[PDB]
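Engineer: Residue numbers (the UniProt record's numbering), protein chains in the order written: chain P, 2 to 71; chain C, 13 to 129; chain E, 2 to 155.
In this text, a Cβ means the ideal position worked out from N, Cα and C, and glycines have one as well.
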Amino acid sequence: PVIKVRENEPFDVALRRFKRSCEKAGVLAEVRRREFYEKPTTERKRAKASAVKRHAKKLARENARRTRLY
Amino acid sequence: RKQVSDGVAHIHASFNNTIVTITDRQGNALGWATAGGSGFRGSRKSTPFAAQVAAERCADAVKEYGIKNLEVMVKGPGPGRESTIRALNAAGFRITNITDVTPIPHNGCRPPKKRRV
Amino acid sequence: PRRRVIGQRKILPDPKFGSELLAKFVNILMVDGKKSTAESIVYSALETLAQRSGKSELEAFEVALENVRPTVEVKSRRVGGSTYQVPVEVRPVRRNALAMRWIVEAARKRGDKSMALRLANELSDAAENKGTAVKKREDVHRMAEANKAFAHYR
RNA sequence: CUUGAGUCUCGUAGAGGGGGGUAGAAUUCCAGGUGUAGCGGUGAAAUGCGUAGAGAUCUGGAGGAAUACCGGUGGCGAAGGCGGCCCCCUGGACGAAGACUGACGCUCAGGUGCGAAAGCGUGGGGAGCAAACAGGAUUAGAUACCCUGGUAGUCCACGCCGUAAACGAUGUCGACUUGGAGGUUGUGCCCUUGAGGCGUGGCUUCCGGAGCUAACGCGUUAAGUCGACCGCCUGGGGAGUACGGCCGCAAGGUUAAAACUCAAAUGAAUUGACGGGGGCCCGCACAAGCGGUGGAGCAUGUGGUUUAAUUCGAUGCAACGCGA
Ligand SMILES: [Mg+2]
Ligand SMILES: [Mg+2]
Ligand SMILES: [Mg+2]
Ligand SMILES: [Mg+2]
Ligand SMILES: [Mg+2]
Ligand SMILES: [Mg+2]
Ligand SMILES: [Mg+2]
Ligand SMILES: [Mg+2]
Ligand SMILES: [Mg+2]
Ligand SMILES: [Mg+2]
Ligand SMILES: [Mg+2]
Ligand SMILES: [Mg+2]
Ligand SMILES: [Mg+2]
Ligand SMILES: [Mg+2]
Ligand SMILES: [Mg+2]
Ligand SMILES: [Mg+2]
Ligand SMILES: [Mg+2]
Ligand SMILES: [Mg+2]
Ligand SMILES: [Mg+2]
Ligand SMILES: [Mg+2]
Ligand SMILES: [Mg+2]
Ligand SMILES: [Mg+2]
Ligand SMILES: [Mg+2]
Numbered sequence: 002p003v004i005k006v007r008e009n010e011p012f013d014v015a016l017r018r019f020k021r022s023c024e025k026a027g028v029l030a031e032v033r034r035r036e037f038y039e040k041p042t043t044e045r046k047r048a049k050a051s052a053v054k055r056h057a058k059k060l061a062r063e064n065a066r067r068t069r070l071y
Numbered sequence: 013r014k015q016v017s018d019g020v021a022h023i024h025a026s027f028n029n030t031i032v033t034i035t036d037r038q039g040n041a042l043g044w045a046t047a048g049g050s051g052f053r054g055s056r057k058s059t060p061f062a063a064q065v066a067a068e069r070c071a072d073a074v075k076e077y078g079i080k081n082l083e084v085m086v087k088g089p090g091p092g093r094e095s096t097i098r099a100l101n102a103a104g105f106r107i108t109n110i111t112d113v114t115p116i117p118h119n120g121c122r123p124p125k126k127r128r129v
Numbered sequence: 002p003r004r005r006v007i008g009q010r011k012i013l014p015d016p017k018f019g020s021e022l023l024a025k026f027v028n029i030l031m032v033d034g035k036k037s038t039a040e041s042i043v044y045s046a047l048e049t050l051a052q053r054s055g056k057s058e059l060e061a062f063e064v065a066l067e068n069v070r071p072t073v074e075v076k077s078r079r080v081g082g083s084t085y086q087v088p089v090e091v092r093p094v095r096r097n098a099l100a101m102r103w104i105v106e107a108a109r110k111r112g113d114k115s116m117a118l119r120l121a122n123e124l125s126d127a128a129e130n131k132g133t134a135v136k137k138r139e140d141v142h143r144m145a146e147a148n149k150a151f152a153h154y155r
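1. Quick one: is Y38/P near chain C, going by C-beta distance under 8 Å?
2. Measuring straight from C-alpha to C-alpha, what distance separates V135/E and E36/P?
3. Along the stretch 57-74 of chain C, where does the CB come closer than 7 Å to a CB of chain E? Name the residues.
4. Does the stretch 53-68 of chain C come within contact of the stretch 35-52 of chain P, defined as at least 3 CB pairs closer than 8 Å?
5. So, at 7 Å on beta carbons, what are the nonlocal neighbours of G132/E in its own chain, with the 5 sequence-adjacent residues on each side left out?
6. With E74/E as the anchor, note down where its beta strand (DSSP E) starts and where it stops.
7. For the stretch 68-83 of chain E and the stretch 137-154 of chain E, state whether three or more C-beta atom pairs, one from each stretch, are separated by less than 8 Å.
8. Using alpha carbons as the reference points, say which of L70/P, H56/P and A30/P lies closest to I116/C.
9. With DSSP as the reference, label residue 80/P as helix, strand or coil.
10. Can you pull out the residues from the stretch 107-122 of chain C whose beta carbon lies closer than 8 Å to at least one beta carbon of chain P?
11. Starting from residue 165/C and walking both ways along the beta strand (DSSP E), at which residues does that stretch end?
12. Mapping DSSP to helix, strand and coil, what is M144/E?
13. Would you mind telling me which residues of chain P sit closer than 7 Å to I97/C, beta carbon to beta carbon, in chain order?
14. Just to confirm the assignment: which complete alpha helix (DSSP H) runs, minimum length 4, are found wholly within the stretch 25-95 of chain C?
15. Pick from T33/C, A62/C and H118/C: whose alpha carbon is nearest that of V20/C?
16. Beta-carbon of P11/P versus every beta-carbon of chain C: anything under 8 Å?
17. Looking at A71/C: is its Cβ nearer than 8 Å to the Cβ of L100/C?
18. Consider the Cβ of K46/P: report whether some Cβ of chain C lies at a distance smaller than 8 Å.
19. What did DSSP end up calling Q86/E once you bin it into helix, strand or coil?
20. Is the stretch 30-37 of chain E touching the stretch 4-11 of chain E in the sense that three or more CB pairs, one from each, lie closer than 8 Å?
21. Taking all protein chains shown into account, do 16 or more other C-beta atoms lie within 10 angstroms of the C-beta of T35/C, making it buried, or fewer, making it exposed?
22. Which of the three DSSP states is assigned to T111/C in this structure?
23. For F52/C, return the contacting residues in chain E, with the cut-off set at a CB-CB distance below 7 Å.
24. Which one of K80/C, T46/C and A47/C has the shortest CA to CA distance from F105/C?
25. Quickly, what does DSSP pair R106/C with across the bridge? List them, please.
26. Say whether the stretch 107-123 of chain C touches the stretch 15-35 of chain P, bearing in mind that this needs 3 or more beta-carbon pairs closer than 8 Å, one atom from each stretch.
27. With DSSP as the reference, label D126/E as helix, strand or coil.
28. Can we count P89/C as close to ligand 1, meaning its CB is less than 7 Å from some heavy atom?
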């Protein structure tokens with residue numbers, strides 16, 4: 002996440018760009034995940050859970066949440 | 013005794029501690045400071061505020077060298093990662109470039125085992 | 002409470018000087034619902050203080066308060082299972098109340114004979130900034146400074 | 001005879017397998033520069049490392065292992081499994097049109113092969129991690145969880161072992177039976193007018209009808225309707241154990257009982273209760289405050305002890321100035 006502060010760019014603005022760049026890159030997330038060894042089985046299981054939850058939630062929202070709530 | 017005007021601020025921001033190190037553009041270190049040496053231990057040195065005061069201390073230390081421009085290289089996942097740069101700017105350097113140099117492997121060495129807490 | 006933003010209650014101003022702050026001080030001082038006695042003590046203390054230090058009763062009293070109010074106190078935020086002492090800026094009504102409370106406690110402690118005498122001495126000390134209530138404020142501030150790392154991470 | 005089964009022609013996608021090179025990032029170590037008192041770690045510490053100059057930072061070098069992003073309920077494989085890039089050898093699947101053989105097929109007890117990880121033998125290698133082990137914490141203890149270290153092992157070659165919740169807890173092969181939304185990979189036509197319209201194959205994910213099921217659920221990839229063959233079960237424990245056999249260097253694997261003992265053991269779902277589950281909410285529940293009790297004397301009640309009797313009852317909150 003390289004940033005160079007442009008001419009007449011405020012510092013706060015520069016900081017904002019830097020943070021955005023880092024978030025987009027996903028550096029913190031990568032480091033956190035690589036902090037400890039996740040077993041392959043654990044990684045697979047987590048992936049499966051994420052996929053299932055995401056799919057179920059999407060289905061519930063779009064199709065199940067098409068009714069009169071009140 | 014020497015003057016350089018333009019330095020690099022290497023902000024090593026681990027979870028436990030923040031190390032700030034001002035250096036010449038080549039790599040040679042001028043002054044450093046940590047939250048530990050800044051007077052914070054444990055829960056207090058693992059905070060953004062501690063990082064900020066460490067940064068202030070570092071700036072004071074390298075005041076002899078008369079550094080005016082400064083590019084900051086942030087490393088690691090840390091509570092500071094922002095406080096240090098804010099503090100440095102307040103201490104009054106022109107921040108020119110801000111770069112992240114956190115070392116991610118390309119699936120290399122095995123990490124240590126997961127903590128059971 | 003859980004579900005209450007109750008209205009602050011009405012305190013009448015003291016008859017001699019017409020001051021709400023002074024009335025509150027008298028209330029804090031009072032014990033056993035004996036208001037008359039408390040007001041007599043407060044007035045005696047004020048009169049002595051005015052004579053000793055200067056200008057008026059209310060101005061002297063204010064000066065003492067200024068030297069004994071705390072800007073910041075600490076609370077114990079208990080979120081991560083352990084308790085962090087966090088600093089917090091003390092709002093004005095609390096600042097006055099806390100300062101008054103500290104002053105009265107210090108006066109009660111103090112070794113002079115009459116209550117009025119103790120109060121007058123304590124107030125004068127506060128004005129100078131070498132007394133015990135002031136010491137208490139200093140201690141509170143010292144703690145806040147120590148725990149400044151936990152200020153805006155509650 | 002050609003519809004099952006196979007052969008040939010042309011393409012397609014693929015972490016399918018075996019061998020050999022190579023790339024960059026990162027960790028470790030080594031040497032050197034800068035530089036100075038801390039670093040590391042945790043809930044908090046300490047062990048550990050550092051003024052014999054560490055950690056930080058730049059340069060160079062060594063070496064091992066693994067391939068970020070792409071990356072996907074994506075793909076390939078009989079399963080186990082397979083993930084940087086390049087080459088060499090190599091197996092299968094699928095589609096298109098035809099041509100060919102002419103039931104050549106399905107299943108399979110014994111048998112044979114393949115078979116994660118750990119483990120074993122011999123010879124290498126060894127960065128990181130890490131059983132064992134050591135020290136520091138925590139604790140009533142802590143032969144654990146946490147921390148700092150750390151050896152087998154993890155890697156390579158070649159042998160062995162032969163097991164896993166080796167799971168879809170679902171044997172293989174074939175036929176038939178309403179649908180919807182996707183993914184992936186072919187292919188025919190439509191002007192691809194654009195990413196696009198209508199088909200037709202393969203594999204694949206979810207939802208759901210009839211039907212089935214104890215229910216949960218399955219539902220054209222069946223747990224539906226059927227046919228062929230195999231494997232396996234017959235209450236819980238004893239026990240996948242003993243003995244015998246076979247196999248193995250060993251660890252052990254495989255085959256596999258009996259006495260004795262009980263009247264249950266189990267599956268799914270229901271209503272509660274409970275959770276050091278989750279969401280929302282209240283109450284002097286905490287918080288903010290004020291005043292007490294626990295120390296003293298005395299009053300009173302209780303326990304106890306004493307007594308001839310110390311009447312009987314109340315005795316976690318919700319008995320103890322209570323019946324009185
Ligand atoms: Mg660790
Ligand atoms: Mg391939
Ligand atoms: Mg295939
Ligand atoms: Mg067999
Ligand atoms: Mg192995
Ligand atoms: Mg070996
Ligand atoms: Mg060996
Ligand atoms: Mg280790
Ligand atoms: Mg360990
Ligand atoms: Mg088995
Ligand atoms: Mg498996
Ligand atoms: Mg089985
Ligand atoms: Mg077969
Ligand atoms: Mg279904
Ligand atoms: Mg029996
Ligand atoms: Mg056996
Ligand atoms: Mg045997
Ligand atoms: Mg309270
Ligand atoms: Mg008492
Ligand atoms: Mg007593
Ligand atoms: Mg009692
Ligand atoms: Mg009785
Ligand atoms: Mg009784």
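Structural biologist: For this structure:
1. So yes, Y38/P belongs to the interface.
2. 50 Å
3. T59, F61 and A62
4. Taking a cut-off of 8 Å for Cβ pairs, the stretch 53-68 of chain C and the stretch 35-52 of chain P do not touch, as fewer than three such pairs fall below it.
5. Only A107, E123 and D126 meet the Cβ criterion.
6. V73 to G81
7. yes
8. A30/P
9. No answer is possible for residue 80/P: it lies beyond the span of chain P, which begins at 2 and ends at 71.
10. Those residues of the stretch 107-122 of chain C that come within reach of chain P (Cβ to Cβ, closer than 8 Å) are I107, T108, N109, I110, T111, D112, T114, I116, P117 and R122.
11. Summary: the structure shown does not reach residue 165/C, with chain C confined to residues 13 through 129, and so no result is reported for it.
12. helix
13. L16
14. 60-73
15. The residue from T33/C, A62/C and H118/C with its alpha-carbon nearest to that of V20/C is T33/C.
16. no
17. yes
18. no
19. strand
20. These segments do not touch.
21. buried
22. strand
23. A150
24. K80/C
25. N81/C
26. yes
27. helix
28. no
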